[PDB]
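S.K.: The structure that follows is given in the form of structure tokens.
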Amino acid sequence: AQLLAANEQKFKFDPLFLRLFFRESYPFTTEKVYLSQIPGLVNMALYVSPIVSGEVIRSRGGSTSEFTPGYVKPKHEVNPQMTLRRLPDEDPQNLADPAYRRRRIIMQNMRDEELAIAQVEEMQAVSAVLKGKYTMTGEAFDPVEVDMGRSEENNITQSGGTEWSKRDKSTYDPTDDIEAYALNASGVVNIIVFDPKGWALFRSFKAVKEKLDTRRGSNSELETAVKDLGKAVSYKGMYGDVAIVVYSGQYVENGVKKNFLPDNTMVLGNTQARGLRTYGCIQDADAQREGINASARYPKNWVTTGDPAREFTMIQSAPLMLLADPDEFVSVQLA
Amino acid sequence: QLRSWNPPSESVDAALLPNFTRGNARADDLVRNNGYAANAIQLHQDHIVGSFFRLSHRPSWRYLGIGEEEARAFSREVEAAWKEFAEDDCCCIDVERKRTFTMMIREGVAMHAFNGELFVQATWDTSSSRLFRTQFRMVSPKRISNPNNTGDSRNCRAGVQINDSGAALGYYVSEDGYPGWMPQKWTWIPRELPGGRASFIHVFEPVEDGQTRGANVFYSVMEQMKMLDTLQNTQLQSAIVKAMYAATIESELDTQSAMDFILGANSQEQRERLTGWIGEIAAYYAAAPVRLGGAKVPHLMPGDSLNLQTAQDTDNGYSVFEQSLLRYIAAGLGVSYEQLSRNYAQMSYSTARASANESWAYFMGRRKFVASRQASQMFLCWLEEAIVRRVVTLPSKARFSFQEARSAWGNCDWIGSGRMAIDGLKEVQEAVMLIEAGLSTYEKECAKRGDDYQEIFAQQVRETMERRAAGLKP
Amino acid sequence: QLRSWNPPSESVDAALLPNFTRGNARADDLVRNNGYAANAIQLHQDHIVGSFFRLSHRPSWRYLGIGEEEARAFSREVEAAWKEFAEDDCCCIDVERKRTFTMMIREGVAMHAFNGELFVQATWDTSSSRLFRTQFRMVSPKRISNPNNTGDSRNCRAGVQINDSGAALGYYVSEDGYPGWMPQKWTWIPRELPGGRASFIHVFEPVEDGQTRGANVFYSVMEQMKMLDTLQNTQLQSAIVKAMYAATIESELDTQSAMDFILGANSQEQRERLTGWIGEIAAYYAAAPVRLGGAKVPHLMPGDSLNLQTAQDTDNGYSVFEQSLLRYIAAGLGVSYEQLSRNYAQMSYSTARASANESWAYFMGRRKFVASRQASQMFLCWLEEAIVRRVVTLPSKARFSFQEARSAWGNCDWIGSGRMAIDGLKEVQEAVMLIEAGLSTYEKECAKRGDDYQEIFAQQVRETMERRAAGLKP
Amino acid sequence: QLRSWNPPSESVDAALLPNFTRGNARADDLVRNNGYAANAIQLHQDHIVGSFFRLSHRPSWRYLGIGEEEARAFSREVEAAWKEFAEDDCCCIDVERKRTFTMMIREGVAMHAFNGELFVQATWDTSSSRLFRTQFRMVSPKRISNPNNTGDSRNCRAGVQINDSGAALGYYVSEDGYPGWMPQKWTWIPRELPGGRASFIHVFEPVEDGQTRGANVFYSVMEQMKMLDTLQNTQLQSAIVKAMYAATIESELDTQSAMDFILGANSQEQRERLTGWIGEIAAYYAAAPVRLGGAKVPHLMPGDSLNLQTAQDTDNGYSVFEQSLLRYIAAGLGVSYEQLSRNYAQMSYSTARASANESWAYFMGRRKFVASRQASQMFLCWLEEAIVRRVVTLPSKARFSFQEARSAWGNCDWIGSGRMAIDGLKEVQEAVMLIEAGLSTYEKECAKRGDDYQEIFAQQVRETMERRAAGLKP
């Protein structure tokens, strides 16, 4: 059992979703998300006559304001019985210390913990901006469908009508489809991040390959983001006007591993779409009596006396991240 | 309440340094918002230094083989030089050019009281208005952090670069932050020069080994903060609710079953009954003018009133709570409140002189503990400069060189605040006993009186000769 | 309540300068509306300066090689010149032409107490009524802002232009605002001339390094403001509600179901019942004359009365609250209330003389801390002018020139308020002990007595010779 | 409450060593969070050592056959050497290079008070700025554990390697833990060298035989911890609930059977009645504005209110509880609270001087018990070094060699804090009686006065001759 302050990572490397589209964090002192409580977009046009001023403007009463945040509280043991991750030859005598082994093993345990919540949050993000629906579900828990409201024109499919696979691999240009799906996106699209084989049949067209610019032509901080997360986001290059990226991230589930992304999917939208990170109550007596009922995360190291007389690291959170405008992204399944 | 303030269980140095910024920041908050810190630092100033801080040079004549008369004459020369150099009227002895020696000692002792440490730097001024090109610029404690605010490391620890044995080699001075938009850059500063020259005078009191920083204030003052808050709020509530009054209207009406049936019929389809009753009551209050005093009774149609039944009504006890706790923390922090806010309650004669003499001896303790360091360091630097400039002449029979025996040559003592007055009869009977039994020497007599035996004798010579000449009585 | 007054968590200088105008403005509000500030400044005046502020010139004769007798005669000449120049009866020593040296010191110390800083300017008067063409005009602190009220900058910081090291080069004096419609224009003013001439005497006490402004008052006086408000309002409410009385009329009537049925029938269609009852009750009150005292009972037909049930009825506690807090802030701000509003409660003998001697020594502290700066600065300017005019003759054997050793030549001390009287027996037994043991010199005897040894001896000569001539007893 | 703190029933050593870390850690917690420990250690410092700790060397001249005059002159030489070596101004006498002899004694006595033990090590410094290459580095008590934190063993017991008879051979010093990430490695350190050289000065007070560690603090301070907590919380609750007030709304309504039938019908199928009543009450509160003060009455439709009936209302008694317990633990821990937090309640003359003299004699006890060990050990090491360097000359007629009679040659006493002042009249009548009856010697007179007879006589010679020369009265 070590203090709360032993929670230093400086490792925030989420794959460009919770850090770039979903910056809009709202931890609450209350259980649910109350979209009426969030101001979101403000009623933002009307003025008043040059004699007096008008009424009082409020948070404009969101129609649906009741969903259950994913209160996730996992834990692990940091029992000093293992040989640990030994960074090359930094004096294993301190590993021989139970104190250093226990502290850096709580380091390792907790980092596994937040990357676990981060990967489940990224699955929530990919569900969110791929269908507008999120499955708040788990065993011994009712499945609540949390819908931002993704429209039908945001779910139009490439296989409908003519498929890119069922097209000329040399002369056909899918740019026409690119603006066709981008027009009904309530904004400009500046990233065309694909799943791998989706980008494969996208680039199979020649027009794509002599239309794209392999050069840097550094447009924004997206190159810096790729250099940071050189793991699963791949900056293919410029398609001229728009940036071409491929995400091949993978989640390692209970017995097997598989990619986050489905077979062939796309979301057309902006890099500055508004993403909410509403956070529920944290059900920990420590959190309430020290005021961490409204926060992002909560770690603790703590000893059980009695039957499971041991010591554990416990991580608690409650995210219900969504997208403010589901119509911002057009979600297309590809050929 | 232990939530907003949290002690770890560890050695004090590793329990304070991680929360150094928060504790020091809330200490700044309380010393700025609260008068107690100002009064305490002012009294510490007036007990430790008082009017001035007087140098007295006593080279170890017996050990060095120096004659006592030569030592005394050399001390006369150095004392004249030091007083004339310190009395500069243009505030020019500092690099900031706005503090004399008095405020050198003032800011040094104040910061060594607040943060437990003080930082002086011996720099080479170029202003030729004085013979001595050495000034002493004081360095903020915010400056000492690891290069670029990095956390503590193996040997770079909170800004000080030490060895495994802890020996303080040097420091990383972050750039000043005034105006509030300068960036900080960390610069190397050694603690002292190899030849014994005192470049970076870092005087702090370490409570334990390996400690790098001094003592705090807030980490024992949060409780005054929250007691003053709670007494303040409870007096406000008591004052506002001694005569809070509910002005509503009730009536007889209230025919139980009939009233309930009427309300139910109104809820279903017979709201005209409620409208008629409301109209009748509005006409009632507009034909009565139901008015209590200078103000109108707030409109209450019959059948609803506030129930302002109260909580327990015992005395708050805050009286003896606050006396006990003020007592408590008063000879906690050290200076008694019967003068930090001056009560005269039931205080007696033995009370007065016992409290006064113990507190004054204890201030003598603090003075000799946290003033003589700065005094000796500054005197050593100034005397080294004087020897460089050949202002004063070292004894020819020097058993050890100046550079070798700076401690022996630069041996000095200092005199703080002036002559203590508490009772009169006390000091005078002490003086008569000492002067009759010879139990007082030149040095400790002058320490007790805040004077000098040489000057008292010369001025007594002048007294006697002027009385003889003018016709007075010696 | 913490809402209308807010401390940031930062170094004191950057925590005060952003809210400088608001704190100073509310300080003006309280020092104008409240008598405590007037009493405090008056007592500070009468303890620090008192009747007058006396110059005593002591050039460093020993260090400069000057003879003590020549130094004393030269001091006699300069003292005669300074007293005759200061005693100008036409208030002509100021550029405003309405303040003598006394009110120079008065306004300077008052403003250095309020804002923590004082601003004197040595200007060249052209009025030839005196030999000395130098006057000293005091400069308002509102004048010092950045050129055209701009916010703090890199080196232009709240009106002072400094370097990276902080050295105060000069100032931007905004134009006066009296009458309330002059615009402000910022003019350059250097702090001092390169030759050591004291042009812009800027004397302030910096609590920390890099601080540019002094200490406040209101930022520890808001609590008196709101305590006086709350005690005032609570006494008003207590006084007005000790005998507030409700004069209504009730009756038996009230046949529960029958009354409810009658009210419902009236609401529906039978208002004639209510009209008839109101007529009967009006005839009732006009045939009774329902009158209680000298006044008419306010018209209340039966069935409605006020419920003036009260809140808790414990003692307010404000008594010991206010004694504790007055205690508290009294030896907070520093001067005890048992004379800032003069209680004589249970105060005793040791009480009196201990409190008096500690408070008087502490005022001696403040005097020597915030008066000698202005005294020495003004004396240096006046002595420089005198040397320019060859009024007094410098020693021929000057080891250093006047311009080089202005600090050494212009070394001076000053005497504040007159002879302290507290007990009588105290001072007289001290005096007899000092005069019998020789433990008092000319200088510290005259400091204790507020006199001069030369004049006491000359006047004792005159005393003895007149007693001998007239036949009295020397 | 006995749950969070548990005494085993066994000998004290085996009852403390198993829970050594927890007790010491909570002791650190309370000495860091609480001011009482700071005040107690400060007063112990100022009563035991005070200003300084003075050496006086008295070799057993009578037993060794040494002449008293030769012993006194040799003592003069060693005292001059020791004072000049101790007065080093660069803090250079420690291996950490940041503590003089004063803070040697300070940290040693503080740690021997807290943990009951102190650890000094005589190391060979190489810094040639002084003649003596021996420094003394103090060793933390956290360092002494069994090699690699193993539990107590047969002869390796909590870090000390002893025999079956208990003789302390040596120690296992764990490596320092600052910064908080160094591993500990255990190194062998013998207690003393075979030739009597004091290498590892381990001074602790054993309460019983075989005990290895000293006394604690927390194991008698948990009760202040939890009393301060309980008084703090009970004052908070009392303050917050003196005027807590419930603002609800009730009505007449409540037709028993009719209300119950309406509620049951609503529960079954007639919720429209409840909706209509709620609408009527909402219109009621929005047409009344039911408002009590500056705030809105919290929305309560009729028929529900809080029952804030209280518990017993007798006085808390905490007043005499806390006075009795502060009394209690005050002359438990040893230093009385009427100065550990300074009450002046009903304290009288015999009160004052009896308490003062008993407490001062008892501090003399602690001084002679826990200071002379360190003093003699350090003096023995320094004198051995001096004999090695031939700084001072041993008597030629040495009956025993230096190495054989280090105890006889290095026999010494030490003087703590300065001259006690409590009453004045007391000390002066004692002094006159002793000086008239001869009942005081040089040694005990100088012990009482904190001076030296040789220097008082030499300075009286100087006094008389200067008075004769200048014309004063001897």
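Within each chain, counting starts at residue 1; across the structure tokens, chains are named A, B, ... in the order shown, with ligands numbered 1 upward in that order.
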May I have the residues within 10 Å of residue 228 (chain A) as a PyMOL selection string, using only C-alpha atoms and disregarding those fewer than 6 positions away in the same chain?
M.R.: chain A and resi 13+15+222
S.K.: Using only C-alpha atoms, determine which residues of chain B fall within 12 Å of chain A; present them as a ChimeraX atom specification.
M.R.: /B:1-10,15,18-19,151
S.K.: Residues as selected, C-alpha atoms, written as a PDB file, in the first residue's frame, can you do that?
M.R.:
ATOM      1  CA  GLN B   1     -10.631  18.006   6.960  1.00  0.00           C
ATOM      2  CA  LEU B   2      -7.376  16.063   6.721  1.00  0.00           C
ATOM      3  CA  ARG B   3      -8.254  15.806   3.024  1.00  0.00           C
ATOM      4  CA  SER B   4      -6.964  19.209   1.863  1.00  0.00           C
ATOM      5  CA  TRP B   5      -3.632  18.757   3.687  1.00  0.00           C
ATOM      6  CA  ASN B   6      -1.771  15.488   3.745  1.00  0.00           C
ATOM      7  CA  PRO B   7       1.356  14.276   5.550  1.00  0.00           C
ATOM      8  CA  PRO B   8       3.277  11.312   4.157  1.00  0.00           C
ATOM      9  CA  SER B   9       4.963   8.926   6.585  1.00  0.00           C
ATOM     10  CA  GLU B  10       8.681   9.272   5.854  1.00  0.00           C
ATOM     11  CA  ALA B  15       8.170  14.329   3.205  1.00  0.00           C
ATOM     12  CA  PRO B  18       7.868  16.597  -2.924  1.00  0.00           C
ATOM     13  CA  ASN B  19       5.245  19.042  -1.584  1.00  0.00           C
ATOM     14  CA  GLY B 151      12.627  16.346 -10.528  1.00  0.00           C
TER      15      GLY B 151
END
S.K.: What's the separation between CA of residue 180 (chain A) and CA of residue 149 (chain A), in Å to one decimal place?
M.R.: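 Result for CA of residue 180 (chain A) versus CA of residue 149 (chain A): 20.8 Å, one decimal.
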S.K.: Find the residues around residue 245 (chain D) up to 8 Å (only C-alpha atoms counted), leave out those fewer than 2 positions away in its own chain, and share them as a PDB file with N, CA and C atoms, in the first residue's frame.
M.R.:
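The new file selection06.pdb reads:
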ATOM      1  N   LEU B 308     -39.627  27.205  11.641  1.00  0.00           N
ATOM      2  CA  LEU B 308     -38.245  27.564  11.955  1.00  0.00           C
ATOM      3  C   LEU B 308     -37.886  27.111  13.372  1.00  0.00           C
ATOM      4  N   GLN B 309     -38.161  25.837  13.638  1.00  0.00           N
ATOM      5  CA  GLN B 309     -37.658  25.198  14.845  1.00  0.00           C
ATOM      6  C   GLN B 309     -36.160  24.965  14.690  1.00  0.00           C
ATOM      7  N   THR B 310     -35.429  25.130  15.786  1.00  0.00           N
ATOM      8  CA  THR B 310     -33.988  25.319  15.739  1.00  0.00           C
ATOM      9  C   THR B 310     -33.246  24.055  16.166  1.00  0.00           C
ATOM     10  N   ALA B 311     -31.918  24.145  16.154  1.00  0.00           N
ATOM     11  CA  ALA B 311     -31.048  23.089  16.651  1.00  0.00           C
ATOM     12  C   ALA B 311     -30.780  23.332  18.136  1.00  0.00           C
TER      13      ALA B 311
ATOM     14  N   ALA D 243     -26.533  27.006  14.513  1.00  0.00           N
ATOM     15  CA  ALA D 243     -27.718  27.568  13.875  1.00  0.00           C
ATOM     16  C   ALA D 243     -28.030  26.895  12.545  1.00  0.00           C
ATOM     17  N   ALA D 247     -35.855  24.443   6.592  1.00  0.00           N
ATOM     18  CA  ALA D 247     -36.857  25.314   5.985  1.00  0.00           C
ATOM     19  C   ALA D 247     -37.750  24.468   5.090  1.00  0.00           C
TER      20      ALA D 247
END
S.K.: Can you tell me which residues surround residue 98 (chain B) at a distance of at most 12 Å, considering only C-alpha atoms, apart from same-chain residues fewer than 4 positions away, and format the answer as a count of residues only?
M.R.: 33
S.K.: Do you know which residues are at most 9 Å from region 64-74 of chain C counting only C-alpha atoms, after dropping those on the same chain fewer than 3 positions away, and could you put them as a ChimeraX atom specification?
M.R.: /C:57-61,77-79,392-400,408-409
S.K.: Name all residues at most 10 Å from residue 457 (chain D) (count only C-alpha atoms; drop same-chain ones fewer than 4 positions away) and give them as number ranges by chain.
M.R.: B: 438-439, 441; D: 452-453, 461-463
S.K.: Looking at C:80, C:241, C:41, C:421, which one is nearest to chain B, with distances taken over only C-alpha atoms?
M.R.: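 Among C:80, C:241, C:41, C:421, it is C:241 that comes nearest to chain B.
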S.K.: Apply DSSP to the backbone of this structure and, from region 23-229 of chain A, keep only the residues in alpha helix (DSSP H); write these as a PyMOL selection string.
M.R.: chain A and resi 93-96+98-131+175-183+196-203+206-211+222-228
S.K.: Assign secondary structure with DSSP using the backbone only, and return the residues of region 47-172 of chain B in strand (DSSP E) as an NGL selection string.
M.R.: :B and (54-57 or 117-124 or 134-138 or 156-157 or 160-162 or 168-172)
S.K.: Excluding same-chain residues fewer than 4 positions from region 104-108 of chain A, what lies within 9 Å of it counting only C-alpha atoms, as an mmCIF file with N, CA, C and O atoms, in the first residue's frame?
M.R.:
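Done, and the output landed in around-v9.cif:
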data_model
loop_
_atom_site.group_PDB
_atom_site.id
_atom_site.type_symbol
_atom_site.label_atom_id
_atom_site.label_comp_id
_atom_site.auth_asym_id
_atom_site.auth_seq_id
_atom_site.Cartn_x
_atom_site.Cartn_y
_atom_site.Cartn_z
ATOM 1 N N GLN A 2 0.936 1.917 -1.151
ATOM 2 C CA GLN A 2 1.689 3.149 -1.309
ATOM 3 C C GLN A 2 0.731 4.291 -1.633
ATOM 4 O O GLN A 2 -0.403 4.076 -2.069
ATOM 5 N N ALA A 6 2.042 8.342 -5.892
ATOM 6 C CA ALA A 6 2.863 7.423 -6.678
ATOM 7 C C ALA A 6 2.104 6.976 -7.931
ATOM 8 O O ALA A 6 1.862 5.793 -8.171
ATOM 9 N N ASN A 7 1.726 7.964 -8.738
ATOM 10 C CA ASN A 7 0.947 7.747 -9.953
ATOM 11 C C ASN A 7 1.500 8.602 -11.088
ATOM 12 O O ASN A 7 0.762 9.255 -11.828
ATOM 13 N N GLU A 8 2.821 8.598 -11.240
ATOM 14 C CA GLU A 8 3.498 9.444 -12.221
ATOM 15 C C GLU A 8 3.816 8.617 -13.465
ATOM 16 O O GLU A 8 4.551 7.629 -13.401
ATOM 17 N N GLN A 9 3.235 9.008 -14.602
ATOM 18 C CA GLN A 9 3.517 8.363 -15.879
ATOM 19 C C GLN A 9 4.180 9.309 -16.873
ATOM 20 O O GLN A 9 5.254 9.002 -17.398
ATOM 21 N N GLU A 77 -2.581 -7.481 -8.795
ATOM 22 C CA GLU A 77 -1.636 -7.671 -7.711
ATOM 23 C C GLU A 77 -0.245 -7.240 -8.158
ATOM 24 O O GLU A 77 0.107 -7.299 -9.338
ATOM 25 N N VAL A 78 0.536 -6.773 -7.192
ATOM 26 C CA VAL A 78 1.928 -6.412 -7.420
ATOM 27 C C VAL A 78 2.796 -7.213 -6.461
ATOM 28 O O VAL A 78 3.816 -6.722 -5.965
ATOM 29 N N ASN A 79 2.379 -8.449 -6.194
ATOM 30 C CA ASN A 79 3.037 -9.334 -5.247
ATOM 31 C C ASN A 79 4.521 -9.477 -5.579
ATOM 32 O O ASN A 79 4.864 -9.887 -6.699
ATOM 33 N N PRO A 80 5.419 -9.156 -4.649
ATOM 34 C CA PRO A 80 6.856 -9.240 -4.940
ATOM 35 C C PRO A 80 7.372 -10.667 -5.023
ATOM 36 O O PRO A 80 8.283 -11.052 -4.283
ATOM 37 N N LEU A 84 11.020 -8.945 -12.642
ATOM 38 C CA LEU A 84 10.274 -7.903 -13.328
ATOM 39 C C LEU A 84 10.888 -7.575 -14.683
ATOM 40 O O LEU A 84 11.795 -8.256 -15.159
ATOM 41 N N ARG A 85 10.338 -6.556 -15.334
ATOM 42 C CA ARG A 85 10.954 -6.019 -16.540
ATOM 43 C C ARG A 85 12.289 -5.396 -16.154
ATOM 44 O O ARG A 85 12.305 -4.359 -15.490
ATOM 45 N N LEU A 95 16.341 -4.090 -7.834
ATOM 46 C CA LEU A 95 15.299 -5.092 -8.025
ATOM 47 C C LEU A 95 15.323 -6.112 -6.901
ATOM 48 O O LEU A 95 14.265 -6.513 -6.407
ATOM 49 N N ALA A 99 11.498 -3.091 -1.873
ATOM 50 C CA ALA A 99 10.941 -1.749 -2.020
ATOM 51 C C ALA A 99 10.959 -1.292 -3.475
ATOM 52 O O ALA A 99 9.936 -0.841 -4.007
ATOM 53 N N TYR A 100 12.110 -1.393 -4.138
ATOM 54 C CA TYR A 100 12.169 -0.947 -5.524
ATOM 55 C C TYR A 100 11.373 -1.867 -6.438
ATOM 56 O O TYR A 100 10.702 -1.394 -7.368
ATOM 57 N N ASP A 112 -0.149 -0.608 -17.267
ATOM 58 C CA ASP A 112 -1.029 -1.565 -17.928
ATOM 59 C C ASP A 112 -2.484 -1.179 -17.725
ATOM 60 O O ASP A 112 -3.302 -1.295 -18.643
ATOM 61 N N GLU A 113 -2.820 -0.709 -16.525
ATOM 62 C CA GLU A 113 -4.206 -0.372 -16.219
ATOM 63 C C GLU A 113 -4.715 0.790 -17.076
ATOM 64 O O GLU A 113 -5.801 0.703 -17.670
ATOM 65 N N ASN A 301 -3.036 2.068 -4.039
ATOM 66 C CA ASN A 301 -2.359 0.857 -3.593
ATOM 67 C C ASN A 301 -2.800 0.570 -2.166
ATOM 68 O O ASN A 301 -2.790 1.470 -1.320
ATOM 69 N N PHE A 312 -2.898 -4.829 -3.376
ATOM 70 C CA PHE A 312 -3.359 -4.665 -4.744
ATOM 71 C C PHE A 312 -3.217 -3.219 -5.193
ATOM 72 O O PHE A 312 -3.130 -2.290 -4.380
ATOM 73 N N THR A 313 -3.215 -3.048 -6.514
ATOM 74 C CA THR A 313 -3.346 -1.744 -7.149
ATOM 75 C C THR A 313 -4.687 -1.688 -7.864
ATOM 76 O O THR A 313 -5.005 -2.571 -8.670
#
S.K.: Taking only C-alpha atoms into account, which of D:471, D:298, D:36, D:44 comes nearest chain C?
M.R.: D:471
